[PDB]
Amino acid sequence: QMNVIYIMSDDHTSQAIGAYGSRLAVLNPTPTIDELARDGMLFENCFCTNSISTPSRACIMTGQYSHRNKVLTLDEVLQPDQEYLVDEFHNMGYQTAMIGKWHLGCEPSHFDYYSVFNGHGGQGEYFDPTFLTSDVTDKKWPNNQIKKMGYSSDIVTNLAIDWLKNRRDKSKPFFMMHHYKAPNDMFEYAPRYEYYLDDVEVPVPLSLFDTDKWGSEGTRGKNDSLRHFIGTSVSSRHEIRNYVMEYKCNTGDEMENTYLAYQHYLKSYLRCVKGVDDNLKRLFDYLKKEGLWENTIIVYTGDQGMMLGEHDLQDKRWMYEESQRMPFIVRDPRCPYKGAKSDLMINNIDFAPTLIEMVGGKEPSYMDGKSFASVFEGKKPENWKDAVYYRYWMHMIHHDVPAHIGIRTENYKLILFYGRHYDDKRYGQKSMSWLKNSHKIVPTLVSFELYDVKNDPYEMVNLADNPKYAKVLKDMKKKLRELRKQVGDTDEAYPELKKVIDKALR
C-alpha cells in the first residue's frame, strides 16, 4: 500500500516555479521542485475554483465546490465533520498527520496527529511560530499550544521529519498533509536569503505598465472612473493599498517607483520560495535515505495562484490566469511516465477523489470532484470535463476585488463580474477594516470579460465588445449558464445575486 505526502505551499504561484517556464524561469527559482517534476508528472491546466486560502483548502478537504461545502470566503469555517479526505484515508487503514498551515477554522480532530499554525488567525508567524498539537493533552483545543524558535519553513519541515522518524507506526501506511505557510503575502524571508537575487533584475511583465486592452467596466468603471477604487496594485494606482505605498518608494518618477516596488515585491517573494525549495530538498533527502522514496506518492501544489504584478495587480481572488491556475505536480513512483506533462482540465476539488483512487480506494460518490487517477496509468479518465467553473464570492473585502463567476474552456475564458456580496449586511462596511480611510463594500458594475487564452495567454485583450466575437460571446454565455446549473450554483438562497446573475446571462 502506497504512502502519501500531499505538499502544499501558501500562495506559491505557477509563475514562480521553474518547470512552468514563465518569464521567471530564467532565475532558476525552484531547482528541487523542478527535479521532482523531472521524475514525476506536471499538470499544465490545474485550476482553483475559488482563489483564496480557506475556500480552496475546504474544496481540497471535501472534494466539493464552495457553494456545496459552504466555505464561501475567508469569513467561513469548516466543520470537523467535513474532513472527508482524511476520513477516507483513515477508512482505508492509514495513519494520518496534519502538519503546518491549516487555516480551516476547526480542529483537525479527524487526524491521528496534527501540529498546525495558530497565530494571526491560522496564518501563523514567519519567525518563532506557535503551533497547536494533538500532543499537548493537558489543554483543550485551541489552547494546546507549543512554540518553536527560528524560521517557519525550516520548522514545518522539522515537524514532518520528526513525525516520520519517531511517531509513525512503521507497520502501517501513512497519509500526511504538509502545508507551508510561505511564501504567503508577508514575504518575511529568512535572513540567509538576504542577498539572494541582489544583483539581478527580475523580468518585468509588459502588463505591469500597459493595461490598455485589459478589463471592463466591472473592473475599471466607465472610462476608468473606478481605476483607483478596484484592484489593489503594485504601482500607486490603487489609492488605499499598493506596494509603492507599502515599500515607501519616492524617487520622483512614478514609473520608476512602480519598477522598484515590483523588484522588491518579487525579490522578497522569491526568497520565500527559495526557502521552501531548500526545505523540500531536506525532506526528499530524508525520504530517500529512509527508504520511503519508492513507496510514497508525493504531490506539490499551492492553495491558489497569485498575481505577481501582472496587469498591475497583486494577491489572488481574481480568475485571471496567474491567480486561477495552481501549479500541480505528482510523483507516483509506480507511474512510468517520468517528467511527463498532462493538459487535462482539473480542479482542486478533484484532488481528494484522485488521491483516494490512487491508493486503491473508490472515488467518493458524495463529492463534486472526480478522480483522474487513470492518467497515471496513461489513460484519459472517462467523459472528463473540458471546461472548469470558477466563482469568487468575497466581494471587495481586503483587496477591493468584485465578486465574479466564470467558465474557462481550453480556448476561451468568460468572466461575469456581478459585483455583489452574498450577505447584504456587509454593504457599507470597510473593505479593509484596519484602515481609517478604507473603501466601503458597495455594489460594483456588472460586466463580461472574454479572453482567448490560447492566443492571448496573458489576457491582455478583453474581447467581449468586439463584434467579431459576438457569436463566441453568445456561445460562452450559454456554457457559463449551463455549467452554473450542472454544478448547482444557482443562488436560490441569495435572491439578490440570483436576479443579477440570471439577468446578465440573457
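Position 1 is the first residue in the sequence shown; the rest follow in order.
Stretch comparison (322 to 330 versus 144 to 152) by mean CA B-factor in the PDB entry places 144 to 152 on top. Here 250 to 258 and 181 to 189 are compared by their mean Cα B-factor, and 181 to 189 comes out higher. Between the residues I52, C46, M476, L42, the entry's highest C-alpha temperature factor is the one at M476. Comparing the C-alpha B-factors of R317, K165, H311, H404 in the entry, the top value falls on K165. Per the deposited record, the Cα B-factor of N28 falls in the middle third when ranked against the other modelled residues of its chain. For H395, the recorded CA B-factor ranks within the lowest third of the chain. Only modelled residues enter the ranking. Ranked by C-alpha B-factor against the other modelled residues of its chain, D452 falls in the middle third. Among all modelled residues in its chain, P443 ranks in the middle third by Cα B-factor. In the PDB entry, a CA B factor belonging to the middle third of its chain's modelled residues is recorded for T409.
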